[PDB]
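Here you get one chain, nothing else, as structure tokens; it is the form deposited in one PDB entry.
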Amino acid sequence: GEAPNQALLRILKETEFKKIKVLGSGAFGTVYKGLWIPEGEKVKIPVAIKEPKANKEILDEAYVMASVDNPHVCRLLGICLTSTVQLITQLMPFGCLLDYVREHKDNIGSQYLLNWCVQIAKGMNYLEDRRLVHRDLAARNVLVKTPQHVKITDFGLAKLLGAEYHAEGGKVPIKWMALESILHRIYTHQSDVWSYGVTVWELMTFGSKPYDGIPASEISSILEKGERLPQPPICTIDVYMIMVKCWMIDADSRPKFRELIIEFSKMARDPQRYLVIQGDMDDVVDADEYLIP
């Protein structure tokens, strides 16, 4: 009872796109921005390009990104098979939501924060429909297309469940993981809900570091001792109670992604009741409008 993944993997000519700038660099490789002009099409699509034996890793990320299609999940546009392997995706001009929430903290309203909480829950709920566990949900891994539209990205750690994933050992983001993921290395859709709670806490604190000034090894014990992240200042008890529910030790008593949509959507209908913030070329086609079946 496992469905065939009939997603299409589009191979892109190196001619079809040009690089423009370097958006970011890390070990493996650098992420760049550029334009993609499919030959004989008269369209220019703003894209972001990301170019060992780690090719097995980047090709696993491409498989996952090519198999998702949701307004709040970044989809792979294609890959380029030159001397280096490149991943081409739609350009998210405003960067990651973590940096955006930091560089604009004096201009972000409750309506935007709660809407972001709704959109991330919508994208996370879609990944659960597709039986996909992200395992690395964080504010740094949510990209901003427009201030009103954010999407989930970075599926390097994502794993597809059959019809409870048991990792072995890898550089993992300790401070965002559920307690069972720390101790047993078990990952469930409800393990992503814990990460979702930390991600919401990142937004409501305008980019603060969770457990700032704490060793990563001491985290497993303080979570057993009953300790969680503090109530952010702008957070009513209503919003903070939801974040606390995502961090319960019993994983099945945690909120579901389908329910986090409903609760935050109800809150976005009256944002100031739940968040208290002081003073509330020519042929360019966005990739969300370029659809080839």
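In this text, the rigid core denotes the largest set of C-alpha atoms whose superposition between the two forms falls within 1.5 Å. Residues carry their position along the shown sequence, with the first being 1.
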{"query": "Unresolved deposited residues in the interval that joins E51 and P52", "finding": "4 to 9"}
{"query": "Stretch exceeding the other in mean C-alpha B-factor - 260-268, 33-41", "finding": "33-41"}
{"query": "Between 82-90 and 129-137 (mean CA B-factor, as deposited), the higher", "finding": "82-90"}
{"query": "Per the PDB entry, maximal CA B factor within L183, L97, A121, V200", "finding": "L183"}
{"query": "Criterion, highest CA B-factor; candidates, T153, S221, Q111, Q190", "finding": "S221"}
{"query": "Within-chain third of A3 by Cα B-factor, per the entry", "finding": "middle"}
{"query": "Lowest, middle or highest third - CA B-factor, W194", "finding": "middle"}
{"query": "Chain-relative CA temperature factor third for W116", "finding": "lowest"}
{"query": "Third of the chain's Cα B-factor distribution that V142 belongs to, per the entry", "finding": "lowest"}
{"query": "Third of the chain's Cα B-factor distribution that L9 belongs to, per the entry", "finding": "lowest"}
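Although it is not shown, the form deposited in another entry is what the next lines describe.
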{"query": "2 Å-or-more CA mover between this form and the one not shown, where superposition uses the core and the choices are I261, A251, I234, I58", "finding": "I58"}
{"query": "Post core alignment: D270 C-alpha displaced by 2 Å or more between this form and the one not shown", "finding": "no"}
{"query": "Per-residue C-alpha change between this form and the one not shown, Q86, threshold 2 Å, rigid core fit", "finding": "yes"}
{"query": "Core-superposed comparison between this form and the one not shown, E224 Cα displacement 2 Å or beyond", "finding": "no"}
{"query": "Shift in CA distance, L98 and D60, in that other deposited form relative to the form shown here, given it is 3 Å or more", "finding": "farther"}
{"query": "CA-CA separation of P173 and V64, closer or farther in that other deposited form than in the form shown [shift of 3 angstroms or more]", "finding": "farther"}
